[PDB]
Protein chains: 2
Amino acid sequence: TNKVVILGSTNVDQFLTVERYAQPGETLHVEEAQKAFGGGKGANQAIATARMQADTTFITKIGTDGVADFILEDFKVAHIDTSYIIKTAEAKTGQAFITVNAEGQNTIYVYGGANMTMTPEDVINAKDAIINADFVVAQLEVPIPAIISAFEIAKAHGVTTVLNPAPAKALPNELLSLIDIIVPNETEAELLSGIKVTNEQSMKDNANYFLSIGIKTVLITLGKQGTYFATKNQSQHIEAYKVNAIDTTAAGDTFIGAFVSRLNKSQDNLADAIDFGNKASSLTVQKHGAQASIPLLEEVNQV
Amino acid sequence: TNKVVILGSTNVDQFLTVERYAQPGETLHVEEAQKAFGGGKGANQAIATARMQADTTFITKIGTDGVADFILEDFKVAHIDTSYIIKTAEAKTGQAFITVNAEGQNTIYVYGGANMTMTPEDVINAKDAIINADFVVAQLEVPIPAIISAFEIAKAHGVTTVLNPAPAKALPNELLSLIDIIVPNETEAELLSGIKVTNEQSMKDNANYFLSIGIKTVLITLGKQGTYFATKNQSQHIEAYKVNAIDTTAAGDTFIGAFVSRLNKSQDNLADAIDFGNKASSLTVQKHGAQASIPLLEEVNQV
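Read on for an overview of the structure.

**Observations regarding helix α5 (residues 144-156) of chain B**
Residues and elements named next belong to chain B.
Point 1. The first and last C-alpha atoms of α5 sit 18 Å apart over 13 residues, in line with the 18 Å expected at 1.5 Å per residue.
Point 2. Where α5 is buried, its residues touch β1 (3-7), α3 (120-124), α4 (127-131), β9 (135-139), β10 (160-164) and α6 (173-176).
Point 3. Just downstream of α5, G158 is the residue with a positive phi angle, here 75°.

**Topic: the packing of aromatic side chains**
Point 1. In total, this model carries eight aromatic pairs over all chains according to the counting rule given.
Point 2. Between the aromatic rings of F15 of chain B and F37 of chain B, the centroid separation amounts to 5.8 Å while the plane-to-plane angle is 65°, which identifies the pairing as edge-to-face. Of this pair, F15 of chain B sits in strand β2 (residues 11-17) while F37 of chain B sits in strand β3 (residues 35-39); the two residues are 22 residues apart in sequence, bridging distant segments of the chain. Of the two residues, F15 of chain B and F37 of chain B, neither departs from the other in class, the shared state being buried.
Point 3. Between the NZ or CZ atom of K287 of chain B and the centre of the ring of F15 of chain A, over which it lies, the distance is 4.2 Å.

**A word on the pattern of salt bridges**
Residues and elements named next belong to chain A.
Point 1. Evaluation of the coordinates by the stated rule reveals 14 salt bridges over all chains.
Point 2. The partner of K279 in a salt bridge is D275, with the nearest N and O atoms 3.4 Å apart. Note that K279 and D275 are positioned in helix α10 (residues 270-282) at a spacing of four residues, about one turn of the helix.
Point 3. Given a relative accessible area of 23%, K279 falls into the partly exposed group.

**Observations regarding the layout of surface pockets**
Point 1. The calculated volume of the second largest pocket comes to roughly 260 Å³.
Point 2. Lining of the second largest pocket is provided by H288, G289, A290, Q291 and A292 of chain A together with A36, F37, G38, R51, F70, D74 and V77 of chain B.
Point 3. Counting residues per element, the ones that place at least two in the lining of the second largest pocket are β3 and α2 (69-77) of chain B.
Point 4. Tallied by class, residues from the lining of the second largest pocket come to six nonpolar, four polar and two charged.

**Regarding the interface of chain B and chain A**
Point 1. Each partner contributes to the interface: chain B provides 44 residues, whereas chain A provides 43 residues.
Point 2. Taken together, the two surfaces of chain B and chain A that pack against each other cover about 3600 Å², and 62% of this comes from carbon and sulfur.
Point 3. When residues of chain B are sorted by the area they lose upon contact with chain A, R51, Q291 and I294 of chain B head the list and together hold 21% of the total.
Point 4. Summed over the shared surface of chain B and chain A, the result is four salt bridges.
Point 5. Summed over the shared surface of chain B and chain A, the result is ten residue pairs in polar contact.
Point 6. For the side of chain B that touches chain A, the secondary-structure elements that each account for two or more residues are β3, α1 (41-51), α9 (251-262), α10 (270-282) and α11 (297-301) of chain B.

**Some remarks on the pairing of strand β12 (residues 217-221) of chain A**
Residues and elements named next belong to chain A.
Point 1. Counting buried residues along β12, four of its five residues qualify, which places the element largely inside the surrounding structure.
Point 2. Across two bridges, strand β11 (residues 181-182) lies against β12 in parallel orientation. In the sheet register, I181 faces β12, and the bridge partner there is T217.
Point 3. Strand direction decides the pairing type here: β12 and strand β13 (residues 227-230), joined by four bridges, are antiparallel. What sits directly across from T221, in β13, is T227.
Point 4. Here β12 folds back onto β13, and the loop between the two strands holds five residues, one of which, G223, carries a positive phi near 70°.

**Brief notes about the relation of the copies chain B and chain A**
Point 1. For the pair chain B and chain A, the superposition axis carries a translation of 0.0 Å, the fit reaches an RMSD of 0.0 Å, and the rotation angle comes to 180°. When the rotation and shift are considered jointly, the pair of chain copies conforms to a two-fold rotation axis. The C-alpha atom lying nearest the rotation axis in chain B is that of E103 of chain B; the distance is 3.0 Å.
Point 2. Comparing interface residues between copies, 98% of those in chain B also sit at the interface in chain A, which points to an isologous, same-surface contact.

**Quick word on the sheet that holds strand β7 (residues 95-100) of chain B**
Backbone hydrogen bonds hold the strands of a sheet together, and the pairing may be parallel or antiparallel.
Residue and element names in this part refer to chain B.
Point 1. Pairing in this open sheet of four strands is mixed, and the strands run β3-β2-β7-β8 from one edge to the other. Each edge of the sheet is formed by a strand with only one pairing partner; in this case those strands are β3 and β8 (106-111). Across the sheet, the mean angle separating the axes of adjacent strands is 25° when strand polarity is ignored.
Point 2. In this structure, β2 lies alongside β7, joined through six bridges in parallel fashion. Paired with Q14 across the two strands is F97, which belongs to β7.
Point 3. On top of the sheet, α2 reaches β2 and β3; it is set at about 45° to β3, its chief contact.

The rules behind these values
- Residues numbered from 1 in each chain as written, not as in the entry; some residues may be left out.
- Chains lettered and ligands numbered in written order.
- Heavy atoms only, no water.
- Helix = DSSP H or I, 4+ residues; strand = E, 2+ residues; numbered from the N terminus.
- Expected span 1.5 Å × (residues − 1).
- Contact = heavy atoms within 4.5 Å.
- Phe/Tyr/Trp six-rings, centres within 6.5 Å; stacked < 30°, edge-to-face > 60°.
- Buried < 20%, exposed > 50% of the residue type's maximum accessible area, 1.4 Å probe, protein only.
- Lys NZ or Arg CZ within 6 Å of the ring centre and 35° of its normal.
- Salt bridge = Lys/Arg side-chain N within 4 Å of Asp/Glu carboxyl O.
- 1 Å grid on protein atoms, 1.4 Å probe; cavity = no way out; pocket = protein on both sides within 12 Å on 5 of 7 lines; lining within 4 Å.
- Points joined across faces, edges and corners; volume = space filled by probe spheres on them.
- Nonpolar A, V, L, I, M, F, W, Y, C, P; charged D, E, K, R; others polar.
- Buried area = accessible area lost by both parts, 1.4 Å probe.
- Polar contact = N/O pair within 3.5 Å; in protein donor to acceptor, adjacent residues only side chain to side chain.
- Pairing = 2+ DSSP bridges.
- Least-squares fit on C-alpha atoms.
- Axes fitted to C-alpha atoms, helices over the stretch in contact; angles between N-to-C directions.

If you want it as structure tokens, here you go:
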């Protein structure tokens, strides 16, 4: 079992299911109000690694509005150490506003909120967790200077750093040079390398860019096309299982959480860990069947 | 807690998810093979009443092909008494072949199989369960002469009979005269009464038909429109909760299971029981959210 620290976002996702998206100036009518669910790349990845039974600690910053209190309960049920979660009155808890149509298209707006107020001092404050970790994992729903500071601590004490550079954005060298394992998707790879992902040769070209700037291990998630990885010594393309074209089930984050849960410190099992990650991820788009969702008394008593 | 005997069908549902339905003579390509899930109105209603913690016994007839063995395990987990389940080499286990498209339309074919070989002697064989029950519930995925025989036993010993007359078909007086509670949908009501369900007056007219032929309690399920009920003394229209236009989550069967779990023998709580049934049913079309379906280690180890 790996010791894993996640540094990242917690969001309250507000879902409004419509039949058809309104158009500018229009007024449509909907059946239900917004339903709130737990979200955030950081929360997703934290719950994934923790459900994979990694020793998990989550450094995240929410507001003092209490809107993610139900998420905190889920963290506790998963045995995620919550000692380092920060609450601030500076901003409301991060939120996503997602309109789903009959087809299943997600249209999403993201409010950074408390997530984007996380500072290096918030991170320094949590250094004990980082120092004793095998891996620290970050995403870009939290500010770059916070991530740099966590990766400086990690790197200085021999702790492996892993960055999921999502959502896509430009990174400074100060950060790039601190990353041991980078895990973009095709779109994120091309924004960082300048090189589009198409044939296996472009994947090699991407990997070579990352290796040249000091990143030791490169994965490019390819969606239905699976996953590519490279080190100085290895280069492999691995097939996926069940995967939706658009991620709408936290499959990407589930892949990362599980990948990291399975990775040996030595990284001698890249392909095995990537396999396990792709397994975990497929379970998220998996149908359970009608009988399976026939409710229990307790659940109905709560309606 | 009610003692409930369900008499009815067990099906293995084979789901093929396509993007678009092929047309006659066409050959389309699909991403996955058939996935098997538990089905059957009887199995659905049995698992519902049992998850509502009614004392449940299920009289059902499967084949000796073992294809529903996974369902039998689910029955056991739900604490359904399986002492009276029959296996026959006369026919393969009942099955449904369901093609889903991108939109979510279900196109279904039903193979009666072992379900439609159930005889009065199969039923007589299980009489102990019936005699000591508060309610016996049947559906029409099993043969009418089997249902008549179970309802004769029930009625003779003061046990309340409830028929969910689905799928729609004509019933003989020999059966009609044995039913204490009938629960059609709008389509089933009109096939039996000859009277279409439209305004509340047509519902009264339907009820009056059923009352006149000796059925003491009438419910007409109205889908999104909720549920209507009538006795000689009562007439009420009750609103539903969350309900899909087409039942695709065993919502109807879940309503019946829960309704019966909640009904007092005296039937003095028709509206309360119908409310509870509509609750249970709504939980079936309820979204759980991405984080909720992020898998556990055990589940991935099984992939």
